[PDB]
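J.: Here it is: the structure, laid out below.
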Number of protein chains: 2
Amino acid sequence: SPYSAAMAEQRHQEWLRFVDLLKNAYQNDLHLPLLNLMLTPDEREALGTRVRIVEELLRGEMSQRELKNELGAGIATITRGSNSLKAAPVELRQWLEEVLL
Amino acid sequence: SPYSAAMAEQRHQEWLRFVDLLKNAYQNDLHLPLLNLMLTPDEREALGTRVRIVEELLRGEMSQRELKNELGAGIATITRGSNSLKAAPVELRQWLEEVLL
Ligand SMILES: O=C(O)Cc1c[nH]c2ccccc12
Ligand SMILES: O=C(O)Cc1c[nH]c2ccccc12
Ligand SMILES: O=C(O)Cc1c[nH]c2ccccc12
Ligand SMILES: O=C(O)Cc1c[nH]c2ccccc12
């Protein structure tokens, strides 16, 4: 039932509605309270850390435990971050290199 | 310790860095791939469902228990979202009542 095409369609519509809602929140300077409402504290903390992981993966200068050192992320978390960056369209990846480095 | 002054300060700045990175992604129409990179599929699904919860709570036409029957979220999740809505600043609440309802 969660795995039906109907639920897949509903999930994507709901995601796109959120995406569109946050787009307009940025336009109206309400993005910060909106992200406080819609995300828990540990999710905000995780998003801030994930930015630093992507930056350091793209810079390519640190190993496992130093990334585990200054960020406290396990080897599994960094691997999944690495997987996700490998899948990213390179328009996104090249822009991230420009702004994060 | 995660519960120190320096770690709190860094947690705040890392979160605001993500918020600004995403603001720039919207401006460049890279928000969808950035959000596919930075969030897991289940976090994206949760955010879609949380928009629906906030909508129905503000609407006030759906009982908190029949919210679970429609959306799948446990009463504990409905309650936490209601807690976050009660803590939201009024200007956000007023804006959501325009755009969600
Ligand atoms: O340290 C704090 O002020 C509380 C807190 C917990 N998780 C957070 C994520 C982002 C910003 C603040 C917090
Ligand atoms: O957070 C996870 O466990 C997976 C993950 C998704 N995007 C990431 C970006 C950087 C590091 C980890 C992840
Ligand atoms: O509350 C504060 O700002 C003081 C403080 C909390 N944890 C600390 C760890 C090391 C040095 C100072 C603090
Ligand atoms: O998802 C959670 O458990 C917490 C939560 C944060 N914002 C929410 C909005 C609606 C429903 C739940 C939440």
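Labeling convention for the structure tokens: chains A, B, ... as they appear, residues from 1 per chain, ligands from 1 in order of appearance.
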Should the cut-off be 6 Å, what would the residue list for chain A against chain B look like, counting only C-alpha atoms, as a ChimeraX atom specification?

T.: /A:14-15,18,37,48,84

J.: Could the residues in this selection be saved with C-alpha atoms as a CSV table (one decimal), in the first residue's frame?

T.:
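Result written to again.csv:
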chain,number,residue,atom,x,y,z
A,14,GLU,CA,3.2,16.5,-1.4
A,15,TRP,CA,7.0,16.9,-1.7
A,18,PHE,CA,6.6,21.6,0.3
A,37,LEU,CA,8.4,24.6,12.1
A,48,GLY,CA,24.4,21.8,8.8
A,84,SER,CA,24.6,10.9,-3.0

J.: From the DSSP assignment of the backbone, select every residue of chain B that is alpha helix (DSSP H), and format the answer as a ChimeraX atom specification.

T.: /B:5-27,31-38,41-59,64-71,75-87,90-99

J.: Which residue out of A:63, A:53, A:42, A:98 has the minimum interatomic distance to ligand 2 when only C-alpha atoms and all ligand atoms are used?

T.: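 Of A:63, A:53, A:42, A:98, the one nearest ligand 2, counting only C-alpha atoms and all ligand atoms, is A:53.
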
J.: Figure out the distance between atom CA of residue 68 of chain A and atom 7 (N, counted along the ligand's line) of ligand 2, please, to one decimal in Å.

T.: 15.3 Å

J.: Quick one: distance from atom CA of residue 94 of chain A to atom 5 (C, counted along the ligand's line) of ligand 2 in Å, one decimal?

T.: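 Computing the Euclidean distance for atom CA of residue 94 of chain A and atom 5 (C, counted along the ligand's line) of ligand 2 yields 18.8 Å.
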
J.: If you count only C-alpha atoms and all ligand atoms, which residues end up within 10 Å of ligand 3, as a PyMOL selection string?

T.: chain B and resi 1-9

J.: For a test of reading the model, state the distance in Å between atom CA of residue 77 of chain B and atom CA of residue 60 of chain B, rounded to one decimal.

T.: 16.8 Å
